[PDB]
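There is one chain below, alone, in structure tokens, taken in the form deposited in one PDB entry.
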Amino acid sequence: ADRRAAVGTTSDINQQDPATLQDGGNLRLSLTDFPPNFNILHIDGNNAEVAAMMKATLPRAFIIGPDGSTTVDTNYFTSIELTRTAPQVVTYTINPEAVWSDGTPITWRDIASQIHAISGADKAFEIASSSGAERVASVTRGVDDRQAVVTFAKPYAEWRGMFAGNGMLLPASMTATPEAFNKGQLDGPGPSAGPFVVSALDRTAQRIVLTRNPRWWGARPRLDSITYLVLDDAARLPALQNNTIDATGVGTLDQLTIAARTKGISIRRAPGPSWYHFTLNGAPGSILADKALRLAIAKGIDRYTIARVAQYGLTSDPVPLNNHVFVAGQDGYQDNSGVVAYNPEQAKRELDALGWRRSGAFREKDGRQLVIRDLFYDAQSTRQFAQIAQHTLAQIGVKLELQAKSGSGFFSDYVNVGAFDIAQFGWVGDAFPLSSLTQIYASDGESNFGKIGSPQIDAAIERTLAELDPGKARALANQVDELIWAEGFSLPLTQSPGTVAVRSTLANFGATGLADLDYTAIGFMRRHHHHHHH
């Protein structure tokens, strides 16, 4: 309804003193699919929904606040120190009480093993991201088994994100060998160390259950369990209305209307750094391998109309996202989309200059029709995106062939392997925006699914990560963004409204925006608990 889709500095979580909440309870949430791999560092396990679930179970070195600021999570680390600024040396000192769910203590070996596994040194690890691990020169033992000193060969401002935010620490048994990394977590997660532990994976009931970790050495959680139910997008709001789940996202105006009409449901809003997009495939043999064709096609997709249709009534003055690196409300955000501003007449002119002429119902060249397979995850909103782009592209002689898909293998079986010309999906960021550059946009980026890149983009990413000054680094990242747009890599569409529908009884849970949850503090309020001191 009235707030802008822009990242702010607040959470909307109905903060309450957890000691005043009920003792016990079952937080019921939904999942889109069982993951094909539970290793969230793996190229097949980089699923935001699963990572979100795992945050309740795995160590994270820092707590992120609603403004993106970090503090050391002393449950997992006695201290974390920038031992030396340049060359960068970081000393992680592990909380001696920290233990994995198999009794093994957390040691420096877990940090060393994880950094090695995602460093790119050994190509056998099929990783989703390096999070700058390729920039560490060494991980060595500090004063005892519980201390790791990470020495960098190159600057890396966002080192705090290695084991925090969307990053988190895995046990060496799951990262030490390519076999365990790639295949050890196919049927379920390995050992963990957090307030909750995954205790049940029911593929028949399509349910995953998290219960209190017996070995947890920190604050006892208020919840007995967190239960995830597999539900398709259309089933989510009805499940909330029928009292089968307790919270779910609100992605459309009609969803907001249904949720807000529902007794016992509250609407929380805190936009986070996540967005939806068209990603283009430029791999050899793909029709969009031609850069000029990518830029021409892009000029025929009306991202502004798409954003207005997607977000009207849900957010105020809806606009599309115009940046790959920063989103609205973030420092450094700016509009770098002009190289592919919507211009159908110019698109037609450029298509003619390339020999994609109106020889038939759609444009043609060398006996091939100008058809673009659009791969997306079938749902009402995503089909809407596809349909609008289809309409505008048809108007310039371009045929968008919709290829809607479903299931656990949307990424592992289609996106990850280049089975598309355009793919619609979302990226889910955190407080560390620069860490996406090497992952997605570098020529050898592990998540560069479309294999689109250039030496100029690579060099601009290098300059961005070498820069120690934050403002200059933001400038350099925006130059990177300019190059990304000019390469026809992808078209950002909408960033997240941050609207969530939550059972009104829940406290310390809701729309978090940039912030982490304290999973020990989530709980249900007692009857007639109607005060709100926050």
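For every residue, the number given is its place in the sequence shown, counted from 1.
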Worksheet, complete the sentence: Mean Cα B-factor check, 81 to 89 vs 299 to 307, entry values; winner is 299 to 307
Discussion item. Highest mean C-alpha temperature factor of the two stretches 522 to 530 and 8 to 16, which is it?
Written reply: 522 to 530
Item to complete: Specify which of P178, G450, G165, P155 carries the largest Cα B factor in the deposited PDB entry.
Response: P178
Item to complete: Check the PDB entry and point out which of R463, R358, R160, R135 has the largest C-alpha temperature factor.
Response: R358
Worksheet item: Compared with the other modelled residues in the chain, in which third is the CA B-factor of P433?
Response: lowest
Worksheet item: Looking at the C-alpha B-factor of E49, is it in the lowest, middle or highest third of its chain?
Response: highest
Worksheet item: Of the three thirds of its chain by CA temperature factor, lowest, middle or highest, which one includes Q369?
Response: highest
Worksheet item: Mind checking which third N243 falls in for C-alpha B-factor across the chain?
Response: middle
Practice prompt. Name the third of the chain's ranked CA B-factors that contains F38, choosing lowest, middle or highest.
Written response: middle
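Below, we refer to the form deposited with a partner chain bound, which is not included among the displayed structures.
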Response to the item:
The one option of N75, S173, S266, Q241 with any heavy atom within 4.5 Å of the partner chain in the deposited complex is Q241
Discussion item. Within 4.5 Å, heavy atoms only, which of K348, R135, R373, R109 is in contact with the partner chain in the deposited complex?
Written reply: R373
Worksheet item: Looking in the deposited complex, is the partner chain within 4.5 Å of a heavy atom from each of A328, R357 and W485?
Response: no
Practice prompt. Using a 4.5 Å heavy atom cut-off, state whether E179 contacts the partner chain in the deposited complex.
Written response: no
Worksheet item: Wondering, does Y414 line up within 4.5 Å of the partner chain in the deposited complex on heavy atoms?
Response: yes
Practice prompt. Flag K154 as yes or no: does it have a non-hydrogen atom within 4.5 angstroms of any non-hydrogen atom of the partner chain in the deposited complex?
Written response: no
Practice prompt. May I ask you to check whether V319 falls inside a 4.5 Å heavy atom distance of the partner chain in the deposited complex?
Written response: no
Worksheet item: So which stretch, 232 to 240, 458 to 466, 191 to 199, 216 to 224, is the one near the partner chain in the deposited complex (non-hydrogen atoms, 4.5 Å)?
Response: 232 to 240
